[PDB]
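Chemist:
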Amino acid sequence: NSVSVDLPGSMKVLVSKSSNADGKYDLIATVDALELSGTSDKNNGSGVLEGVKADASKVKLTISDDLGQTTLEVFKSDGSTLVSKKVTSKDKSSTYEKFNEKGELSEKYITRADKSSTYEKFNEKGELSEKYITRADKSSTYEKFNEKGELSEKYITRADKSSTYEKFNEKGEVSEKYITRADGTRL
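Numbering (UniProt numbering), first residue to last: 6 to 192.
(1) Check the C-beta distance from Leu12 over to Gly50 and give it rounded, since I have them as a contact under 8 Å.
(2) Taking Cβ positions, are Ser122 and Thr139 nearer each other than 8 Å?
(3) On the DSSP bridge list, what partners appear for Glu158?
(4) Beta-carbon within less than 7 Å of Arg117's beta-carbon, same chain only, minus the 5 sequence neighbours each way: which residues are those?
(5) Give a single yes or no on whether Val179 has its beta carbon closer than 7 Å to a heavy atom of the ligand NAD.
(6) Going by Cα to Cα distance, which pick from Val79, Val92, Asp119, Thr100 is closest to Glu106?
(7) On the criterion of 16 or more Cβ atoms from any shown chain inside 10 Å, does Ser45 qualify as buried, or is it exposed?
(8) Any idea what DSSP makes of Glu135, helix, strand or coil?
(9) Can you name, in chain order, every residue of its own chain whose Cβ lies under 8 Å from the Cβ of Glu40, other than the five neighbours on each side?
(10) I need the DSSP call for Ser167, collapsed to helix, strand or coil.
(11) Is the beta carbon of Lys149 less than 8 Å from the beta carbon of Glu135?
(12) From the DSSP output, in three-state form, read off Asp96 for me.
(13) Does DSSP put residue 5 in a helix, in a strand, or in coil?
Below you can see the structure in the form of structure tokens.
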């Protein structure tokens, strides 16, 4: 029968030459316990697979032609309003997005090859409300944005266990500024 192919994002696709078709390969994959299927013109497991949840949600798996990237989209029953989207590359980096009921981006979680991560949260308007960056060196950045799209809070943490906290007021200039450095030498 069929041949198994590994895919970025810890998934697998089964590829087998199509009989009742012509020059096509049939693809089947099981993803989060849902069966997806499609057909491809190539013999490496690239191509598009689709599925349908029992709530009639549509699931689309796209595998790029050289297998370096997979995209897993979950749509509402209309087949067009996004619910979620997971992109994973071969280098293990990935972007996961969650959308609200009308398809506006609600959360984004990025992971890089060095395993730094960036986590963004959006309001219902769809604008950036929060941003949190963790880095490989163990530094971290926190940003809170107000209703006016202005920065209102920032918190940087460095590898030497130091810190810098800042609050911003109605004017874009800093109003507070904690600066912690070597040991517990505050400011």
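Where a beta carbon is used, it is the ideal one built from N, C-alpha and C, also for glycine.
Modeler: In terms of the structure at hand:
(1) So it is a contact: roughly 7 Å between Cβ atoms.
(2) yes
(3) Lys149, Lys172
(4) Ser98
(5) The ligand NAD is absent from the structure shown, which contains no ligand whatsoever.
(6) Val79
(7) buried
(8) In this structure, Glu135 counts as strand in the three-state DSSP scheme.
(9) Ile33, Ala34, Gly56
(10) Coil, per DSSP.
(11) Taking 8 Å as the Cβ cut-off, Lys149 and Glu135 qualify as a contacting pair.
(12) coil
(13) The question about residue 5 has no answer, for the chain in this structure spans 6 to 192.
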